[PDB]
Amino acid sequence: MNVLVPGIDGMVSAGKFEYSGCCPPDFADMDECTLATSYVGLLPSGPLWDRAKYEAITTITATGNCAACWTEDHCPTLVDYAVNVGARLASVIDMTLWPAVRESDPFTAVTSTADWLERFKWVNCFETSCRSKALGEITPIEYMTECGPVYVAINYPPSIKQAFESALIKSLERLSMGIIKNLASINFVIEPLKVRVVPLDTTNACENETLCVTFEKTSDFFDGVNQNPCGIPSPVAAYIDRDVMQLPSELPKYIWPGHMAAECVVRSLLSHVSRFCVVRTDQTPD
Amino acid sequence: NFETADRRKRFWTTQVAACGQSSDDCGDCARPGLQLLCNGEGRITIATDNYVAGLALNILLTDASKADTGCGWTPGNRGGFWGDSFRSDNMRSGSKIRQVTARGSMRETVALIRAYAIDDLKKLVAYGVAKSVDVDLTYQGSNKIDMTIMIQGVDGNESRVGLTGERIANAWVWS
Amino acid sequence: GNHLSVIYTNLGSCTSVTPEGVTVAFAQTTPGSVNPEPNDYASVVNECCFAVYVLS
Amino acid sequence: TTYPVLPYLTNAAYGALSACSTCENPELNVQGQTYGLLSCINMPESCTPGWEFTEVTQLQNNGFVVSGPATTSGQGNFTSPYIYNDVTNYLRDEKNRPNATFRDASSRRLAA
């Protein structure tokens, strides 16, 4: 039979089409060098233009940005200006139009990750001092004090914050499509965060007094976000070291922002179940 | 206020011998193009002299749209300029002195060339830069043929009264 | 058989995603040696008119 | 030296075009972008003209035939070649002083 693959509707069978080849060129094919020399064709033709148009030469300087190469016997003409216009459009598109499209989709946003979260009205349940009592005696980012527990707000580095926010957006986008709250679907929703749910009970269950679940790490690296239209993203670490950040010693040695975010999502999803329990277990990088 | 009220300026202008002259066993010819002027500490600048003369070069050295023939032309070299689709003066750019063909004796062909030259430079009057233009052609043998073009200008500020014709517009180039 | 220069426009940014990491190297190892020198045109084209001769 | 097309294909195309497929009129010059277009051959645009203009003039003055792209397009885009001049590699004369009596292919066709 077929081999099922995870999907928003559960386990389904996947496939592929045959290549068509009718795709318009993307931003990737937009090369500065080819585009610049191209406008030499927009000029007229005649004895005043043939020689100038024939000797057009273009080279890439230090930081890309193809520029015309003036040899020892260059003859100034409008053709130089035409090439200059070519460089302009290649540059302006990259600076102006590419970011607009790049930031328009939750699965490719880079610079506006924080803004996107505000569109989803996302609020973390581990930072409010009046958190729900069911969230455990002491959360991973709380240290006990005589006047009850107290939490500490972490200032993540730039790269880890960008990766974590990007992963959160992807999962939230998937959940807005509606799902059936079963184990197979939930794992797929939160898989970008690199977390997997796993029940503790292995027998029949359905009669015991409590149902317990725990969260396991599927990997020790978020998948970063790539600015350029071509190339793979750069992975970044998902954990944070307590000592390196100079945080109170009472906190756990390693802190996983992804696991905390995933825990909040699942807890809200399965609130209607009256015997749902979470038993978090300490995890360390390999 | 100060009498220098005309604020219109002058842009770049193509000039003869801008890129020097190319020599060959047959003769010496100029290489028109843009000219660079240098200051004492760099800061190069383009020249903007002899506007009307520069304009005439553009008209002569630019192939215009070729006439239909019934056999066709490749799309690359149909002639003309794609930018003419927007001008509202009801004229096309370029010239056609290069499209003549050998007809009858050489004397007839030379006469035809002169007719096309007048019919092309006549556009100068329509734009208003010049008030009259004429070309004189001399045929003195098989090898040596000479052409001369005459363009009449005007001073920037009017000085004569009671002209039969009209003062050409766009005369702020004073040539 | 001594005339080639391959153009492979995939590498670099491409919408048709270039398989990342794959690179191609092109080089020659052995050239051609000997050509024929026929000299019998007077026999095989004897008194036959041809407008154009093309030699590859 | 860096022609991106196999040599003998271009030579065959030039010969076929002039081999009475166009030269039923003996006086027709096979030049320009209208008559001397080797349409059947497609090659990508080269990063450099190949023949520098200083070298193009010398080849034409020495009786050689030079060809180049028919349309200007960005680097890597497909184009077609066309022929600049139709010359027969004829210089000097038996009587050693020079002339250009047979400088053009049309002259040979017209003489016949």
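Refer to the structure presented above.
Residues numbered from 1 in each chain as written, not as in the entry; some residues may be left out. Chains lettered and ligands numbered in written order. Part of a larger assembly, values for the part shown. Heavy atoms only, no water.

Listed per partner, the contact involves 14 residues of chain B and 14 residues of chain A. For the pair chain B and chain A, the summed buried area comes to about 1,300 Å², and 69% of that belongs to carbon and sulfur atoms. Linking chain B with chain A are four residue pairs in polar contact. Across the side of chain B that touches chain A, the residue classes break down as eight nonpolar, three polar and three charged. (Contact = heavy atoms within 4.5 Å. Buried area = accessible area lost by both parts, 1.4 Å probe. Polar contact = N/O pair within 3.5 Å; in protein donor to acceptor, adjacent residues only side chain to side chain. Nonpolar A, V, L, I, M, F, W, Y, C, P; charged D, E, K, R; others polar.)

Time to look at the arrangement of the chains. Among the five pairs of chains that make contact, the interface with the largest number of contacts is formed by chains A and B. Spatially, chain B and chain C are disjoint, and the shortest separation between their C-alpha atoms is 25 Å.

Another point: the pattern of salt bridges. Side chains that carry opposite charge are capable of pairing whenever their charged atoms lie near each other. Inspection of every chain in the model, using the stated rule, returns 21 salt bridges over all chains. The partner of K253 of chain A in a salt bridge is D241 of chain A, with the nearest N and O atoms 3.0 Å apart. With a gap of 12 residues between them, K253 of chain A in the loop between α7 (242-245) and β12 (254-255) and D241 of chain A in strand β11 (residues 240-241) connect regions that are remote in the sequence. Where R167 of chain B meets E158 of chain B, a salt bridge forms, and the shortest distance between an N and an O atom there is 2.8 Å. A cluster of three or more residues bridged by salt bridges with shared partners is formed by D241, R242, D243 and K253 of chain A. (Salt bridge = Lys/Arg side-chain N within 4 Å of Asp/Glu carboxyl O. Helix = DSSP H or I, 4+ residues; strand = E, 2+ residues; numbered from the N terminus.)

This part covers the pairing of strand β3 (residues 58-61) of chain A. Residues and elements named next belong to chain A. Two elements, β3 and strand β4 (residues 64-68), share three bridges in a ladder whose sense is antiparallel. Looking at the pairing, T58 lines up with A68 of β4. The hairpin formed by β3 and β4 contains two residues between the paired strands. (Pairing = 2+ DSSP bridges.)

With that settled, the discussion passes to the packing of aromatic side chains. A complete count under the given rule lists 12 aromatic pairs over all chains for this structure. Summarising the aromatic geometry, the rings of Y54 of chain A and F53 of chain D are spaced 6.3 Å apart at their centres and angled 65° between planes, so their arrangement reads as edge-to-face. Here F53 of chain D lies in helix α3 (residues 53-61) and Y54 of chain A lies in helix α2 (residues 50-54), a pairing that spans two chains. Centroid distance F81 of chain B to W82 of chain B: 5.7 Å. Interplanar angle 50°. Geometry classified as tilted. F81 of chain B gets classed as partly exposed once you look at its relative accessible area, which sits at 32%. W82 of chain B sits in the exposed class, given a relative accessible area of 52%. The aromatic ring of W73 of chain B is capped on one face by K66 of chain B, whose charged end is 4.8 Å from the ring centroid. (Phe/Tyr/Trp six-rings, centres within 6.5 Å; stacked < 30°, edge-to-face > 60°. Buried < 20%, exposed > 50% of the residue type's maximum accessible area, 1.4 Å probe, protein only. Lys NZ or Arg CZ within 6 Å of the ring centre and 35° of its normal.)

Before going further, it helps to spend a moment on the interface of chain C and chain D. Tallying the contact residues gives seven residues for chain C and 11 residues for chain D. With both sides pooled, the region where chain C packs onto chain D buries about 690 Å², and carbon together with sulfur makes up 77% of that total. Taken together, chain C and chain D are joined by zero salt bridges. At the junction of chain C and chain D, the tally comes to one residue pair in polar contact.

Remember that the coordinates give geometry; whether it matters functionally is a separate question.
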